[PDB]
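Asker: First the structure, then my questions, so here it is.
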Amino acid sequence: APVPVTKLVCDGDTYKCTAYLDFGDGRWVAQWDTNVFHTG
Amino acid sequence: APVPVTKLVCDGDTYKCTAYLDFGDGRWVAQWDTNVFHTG
Amino acid sequence: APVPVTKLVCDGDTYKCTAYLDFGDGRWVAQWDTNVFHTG
């Protein structure tokens, strides 16, 4: 079931974002691949 | 055009995150596939 | 290293979400492909 994200971080060294979930012990994450770049 | 996200949720049963957008009737979403796991 | 997201936007014309990062000059983004649709 959908749960809220408590903290969203991204990492320019791994090109991933990590969403910490409000669930369980607080250490469940959703993590996905991203592009990372310097925009205008 | 880019619009703000009003609520971000993720679901460990579907392995997707859903971003509710500030747009229209409030029921437009961006939805993407993710990994979901228990981190350190 | 992971840094906080300061602003999350999505765009129904490009089918991408963009996360502005707390890093550098504020113009670093993570950007990823998404589905965009009108949910129930």
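Letters A, B, ... go to the chains of the structure tokens in the order shown; residues in each chain start at 1; ligands are counted from 1 in the same order.
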Can you superpose chain C onto chain A by least squares over all C-alpha atoms paired in order and give the moved copy as a tab-separated table (two decimals) with C-alpha atoms, in the first residue's frame?

Answerer:
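Saved as superposed.tsv:
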```tsv
chain	number	residue	atom	x	y	z
C	1	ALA	CA	0.00	0.00	0.00
C	2	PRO	CA	1.25	3.56	-0.57
C	3	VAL	CA	3.11	5.18	2.34
C	4	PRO	CA	4.50	8.70	2.66
C	5	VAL	CA	8.10	9.59	1.90
C	6	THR	CA	9.79	11.19	4.95
C	7	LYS	CA	13.04	12.25	3.22
C	8	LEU	CA	14.15	12.38	-0.41
C	9	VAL	CA	17.88	12.49	-1.24
C	10	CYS	CA	19.81	12.08	-4.47
C	11	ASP	CA	23.46	11.27	-5.07
C	12	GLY	CA	25.51	12.67	-7.97
C	13	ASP	CA	28.18	9.96	-7.36
C	14	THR	CA	25.77	6.98	-7.75
C	15	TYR	CA	23.16	8.63	-10.06
C	16	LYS	CA	20.35	7.36	-7.81
C	17	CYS	CA	17.66	8.95	-5.67
C	18	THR	CA	16.56	7.40	-2.38
C	19	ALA	CA	13.19	8.00	-0.71
C	20	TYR	CA	13.03	7.05	2.98
C	21	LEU	CA	9.56	5.73	3.75
C	22	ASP	CA	7.26	6.22	6.72
C	23	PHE	CA	7.02	2.50	7.45
C	24	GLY	CA	8.47	-0.08	9.82
C	25	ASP	CA	11.77	0.98	11.45
C	26	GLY	CA	12.24	4.02	9.14
C	27	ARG	CA	14.98	2.26	7.08
C	28	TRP	CA	12.80	1.12	4.17
C	29	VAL	CA	13.66	2.99	1.00
C	30	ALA	CA	12.53	3.31	-2.54
C	31	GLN	CA	15.60	3.80	-4.75
C	32	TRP	CA	15.72	4.50	-8.48
C	33	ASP	CA	18.17	5.39	-11.19
C	34	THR	CA	18.37	8.99	-12.35
C	35	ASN	CA	20.25	11.35	-14.59
C	36	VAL	CA	22.21	13.98	-12.61
C	37	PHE	CA	23.39	17.17	-14.30
C	38	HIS	CA	23.89	20.88	-13.90
C	39	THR	CA	20.83	22.62	-15.42
C	40	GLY	CA	20.38	26.24	-16.58
```

Asker: Give me, as a ChimeraX atom specification, the residues of chain A that a backbone DSSP run labels strand (DSSP E or B).

Answerer: /A:2-11,16-21,28-33,35-38

Asker: For those residues, write C-alpha atoms to a file as a PDB file, in the first residue's frame.

Answerer:
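What landed in selection-v5.pdb:
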```pdb
ATOM      1  CA  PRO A   2       1.255   3.559  -0.573  1.00  0.00           C
ATOM      2  CA  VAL A   3       3.114   5.179   2.336  1.00  0.00           C
ATOM      3  CA  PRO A   4       4.496   8.695   2.663  1.00  0.00           C
ATOM      4  CA  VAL A   5       8.099   9.593   1.899  1.00  0.00           C
ATOM      5  CA  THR A   6       9.794  11.190   4.946  1.00  0.00           C
ATOM      6  CA  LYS A   7      13.042  12.252   3.217  1.00  0.00           C
ATOM      7  CA  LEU A   8      14.154  12.379  -0.412  1.00  0.00           C
ATOM      8  CA  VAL A   9      17.878  12.487  -1.241  1.00  0.00           C
ATOM      9  CA  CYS A  10      19.814  12.083  -4.472  1.00  0.00           C
ATOM     10  CA  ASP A  11      23.458  11.270  -5.067  1.00  0.00           C
ATOM     11  CA  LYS A  16      20.348   7.362  -7.812  1.00  0.00           C
ATOM     12  CA  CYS A  17      17.658   8.950  -5.672  1.00  0.00           C
ATOM     13  CA  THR A  18      16.562   7.395  -2.379  1.00  0.00           C
ATOM     14  CA  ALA A  19      13.186   7.999  -0.713  1.00  0.00           C
ATOM     15  CA  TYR A  20      13.034   7.049   2.978  1.00  0.00           C
ATOM     16  CA  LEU A  21       9.563   5.728   3.752  1.00  0.00           C
ATOM     17  CA  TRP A  28      12.802   1.122   4.169  1.00  0.00           C
ATOM     18  CA  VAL A  29      13.660   2.993   0.995  1.00  0.00           C
ATOM     19  CA  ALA A  30      12.528   3.311  -2.544  1.00  0.00           C
ATOM     20  CA  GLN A  31      15.597   3.801  -4.750  1.00  0.00           C
ATOM     21  CA  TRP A  32      15.722   4.503  -8.481  1.00  0.00           C
ATOM     22  CA  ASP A  33      18.168   5.395 -11.187  1.00  0.00           C
ATOM     23  CA  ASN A  35      20.255  11.351 -14.586  1.00  0.00           C
ATOM     24  CA  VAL A  36      22.209  13.981 -12.612  1.00  0.00           C
ATOM     25  CA  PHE A  37      23.394  17.170 -14.297  1.00  0.00           C
ATOM     26  CA  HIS A  38      23.889  20.881 -13.896  1.00  0.00           C
TER      27      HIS A  38
END
```
